[PDB]
Amino acid sequence: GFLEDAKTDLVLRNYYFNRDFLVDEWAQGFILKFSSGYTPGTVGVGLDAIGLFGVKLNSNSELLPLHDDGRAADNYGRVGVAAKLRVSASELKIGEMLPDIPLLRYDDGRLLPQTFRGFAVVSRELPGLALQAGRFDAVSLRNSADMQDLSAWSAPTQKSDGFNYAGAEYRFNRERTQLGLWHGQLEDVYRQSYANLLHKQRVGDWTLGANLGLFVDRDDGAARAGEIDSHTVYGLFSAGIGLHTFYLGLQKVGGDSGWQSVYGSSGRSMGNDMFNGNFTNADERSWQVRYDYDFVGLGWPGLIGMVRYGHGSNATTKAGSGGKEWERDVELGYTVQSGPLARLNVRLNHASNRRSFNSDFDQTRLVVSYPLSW
Ligand SMILES: COc1cc(C(=O)[O-])ccc1O
Ligand SMILES: COc1cc(C(=O)[O-])ccc1O
């Protein structure tokens, strides 16, 4: 039922951000999600809403929008609604939403999430197969209260009428393997095709995983961001045992151009994605090593750590070719497991970025999040 199965989730997010090239930002966010149930019947009808509000505290950062003078706003926010319709094992949503698909990953790396306006269909009528398609005609950046036309990261000022997509994922092999094929079009800017293989296998105490991906990009229509021709391949491999996980990522961009994506979106589909980049400049070859540990092994359940290092070379940018870069990320995340503060999450992380072709910097963040649900 519409009211029966309705859930309300509120997240309080206190976010401290520092980047030393020392500049600083501190802010408080509120993210309110109201998700109804579905009316009973052949066509079920529902409504989702999202409320976003951020407040500046005394002190990228992209935590808050900037005034024209370059001064961060005191506060910002917006409210979005989406209608939902369900039939059998298929759903259509229309309005404002948070798309999380391989060709369009909504960003939530700062204070409030990026949202999009459009429609999205998910259909699971055949066992193991999920079909998706949709179109988004406006976007609200993570650091904006407003909606604007979409554009590509490679030319953020060149606007498009919208982003269309369709894709399929098939999961099989006792749920161990998944294949994905996706096609997207940012109208008059670029078209992108993507293939993905996910696979996991247990060898004794080890869990071995692979995430292989291939993107192929070209300009579309009027080609407002210029001519584009790119392909990007990555393989991210994991080996887990007990409380430990090890990763090796390998990636290469080829062709005339870098890898394409929608401006403001997250780079997290890419194998070597890190906090401050994903090594997708034209021609760029990169590798990554990563280690994760679950500190329950030291009597600290709820505490998890990650360290990762990535290096890119052969990078072509406007300035020149043969560019090199590296990033090192470290994170400790703690989630309170029990007691009055249960579910409270504290994440502390640090990134060091060095680039032969751009500015070097270190970055420190502390994010304290508390979820309430009723
Ligand atoms: C528009 O409001 C919502 C959107 C979403 C989403 O798209 O994932 C989730 C919960 C919401 O309340
Ligand atoms: C000269 O600047 C850099 C060089 C390298 C390198 O040689 O691997 C890496 C990152 C840099 O920022």
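Residues numbered from 1 in each chain as written, not as in the entry; some residues may be left out. Chains lettered and ligands numbered in written order. Heavy atoms only, no water.

Visitor: Could you give an account of the overall build of the protein, with specific residues and numbers?
Guide: Within the protein, the secondary structure is distributed over 0 helices and 22 strands. A compact globule built from 374 residues should have a C-alpha radius of gyration of about 21 Å, and the protein, at 21 Å, falls within 12% of that. Counting only C-alpha atoms, the protein reaches 60 × 60 × 50 Å along its principal axes. Burial status across the protein gives 45% buried among its 374 residues. Between the averaged position of the 38 positive side-chain charges in the protein and that of its 43 negative side-chain charges there is a distance of 4 Å. (Helix = DSSP H or I, 4+ residues; strand = E, 2+ residues; numbered from the N terminus. Rg over C-alpha atoms; globule rule 2.2 N^0.38 Å. Buried < 20%, exposed > 50% of the residue type's maximum accessible area, 1.4 Å probe, protein only. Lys, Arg positive; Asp, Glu negative; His and termini not counted. Charge placed at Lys NZ, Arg CZ, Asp CG, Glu CD.)

Visitor: Outline the site of ligand 2, supporting the account with residue identities and numerical values.
Guide: In the region of ligand 2, the neighbouring residues are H311, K324, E325, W326, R354, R355 and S356. The side chain of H311 places a nitrogen or oxygen atom 2.8 Å from an oxygen atom of ligand 2. Contact between ligand 2 and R355: an oxygen atom at 3.0 Å from a main-chain N or O atom of the residue. Burial of ligand 2 by the protein chains amounts to 58% of its free accessible area of 320 Å². (Near = heavy atom within 4 Å. Polar contact = N/O pair within 3.5 Å; in protein donor to acceptor, adjacent residues only side chain to side chain. Areas by Shrake-Rupley, 256 points an atom, 1.4 Å probe, with all protein chains shown as cover.)

Visitor: Can you break down the site of ligand 1 residue by residue, with the values?
Guide: Every residue close to ligand 1 is listed here: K33, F34, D48, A49, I50, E96, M97 and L98. A distance of 3.3 Å separates an oxygen atom of ligand 1 from a polar atom in the backbone of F34. With respect to ligand 1, the backbone of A49 contributes an N or O atom lying 2.7 Å from an oxygen atom. Contact with the protein chains hides 83% of the accessible area of ligand 1, taken as 320 Å² for the molecule alone. Mapping ligand 1 onto the cavity grids shows that it belongs to the second largest pocket. For the shell around ligand 1, the secondary-structure elements that each account for two or more residues are β2 (23–35), β3 (44–57) and β5 (90–97). Top element by residues in the shell around ligand 1 is β3. It accounts for 3 residues. Its residues assigned to classes, the shell around ligand 1 shows 5 nonpolar, no polar and 3 charged. (1 Å grid on protein atoms, 1.4 Å probe; cavity = no way out; pocket = protein on both sides within 12 Å on 5 of 7 lines; lining within 4 Å. Sits in = over half its atoms within 2 Å of the grid points. Nonpolar A, V, L, I, M, F, W, Y, C, P; charged D, E, K, R; others polar.)

Visitor: Tell me about a positive patch on the surface, residues and numbers included.
Guide: A cluster of basic side chains, namely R174, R176, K200 and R202, defines a positive patch on the protein surface. Position of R174 among the secondary structure elements: in the loop between β12 (163–172) and β13 (177–186). Judged by relative accessible area, which is 73%, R174 ranks as exposed. (Patch = residues over 30% accessible without salt bridge, like charges linked within 9 Å, V, L, I, M, F, W, Y side chains within 5 Å. Salt bridge = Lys/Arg side-chain N within 4 Å of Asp/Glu carboxyl O.)

Visitor: I'd love a proper account of the layout of surface pockets, names of residues and values included.
Guide: Counted as a void, the second largest pocket has a volume near 630 Å³. Contributing to the lining of the second largest pocket are 31 residues, with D48, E91, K93, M97 and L98 lying nearest its centre. Listed by contribution, the elements that provide at least two residues to the lining of the second largest pocket are β2, β3, β4 (75–87), β5, β6 (100–101), β8 (115–123) and β9 (129–140). Looking at side-chain class alone, the lining of the second largest pocket contains 16 nonpolar, 6 polar and 9 charged residues. (Points joined across faces, edges and corners; volume = space filled by probe spheres on them.)

Visitor: Pulling in residues and values, what's your account of the pattern of salt bridges?
Guide: The full count for this structure, using the stated rule, is 15 salt bridges. Between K84 and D48 there is a salt bridge, with its nearest N and O atoms 2.7 Å apart. Like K84, the residue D48 is buried in the burial classification. Salt-bridge contacts for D188 lead to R224; the nearest nitrogen and oxygen are separated by 3.7 Å. Of the two residues, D188 is situated in the loop between β13 and β14 (190–203) and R224 in the loop between β15 (206–219) and β16 (229–241); the sequence distance between them amounts to 36 residues. When salt bridges with common partners are traced through the structure, they connect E62, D107 and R142 into a single cluster.

Spatial relationships are all this shows, so hold off on functional conclusions.
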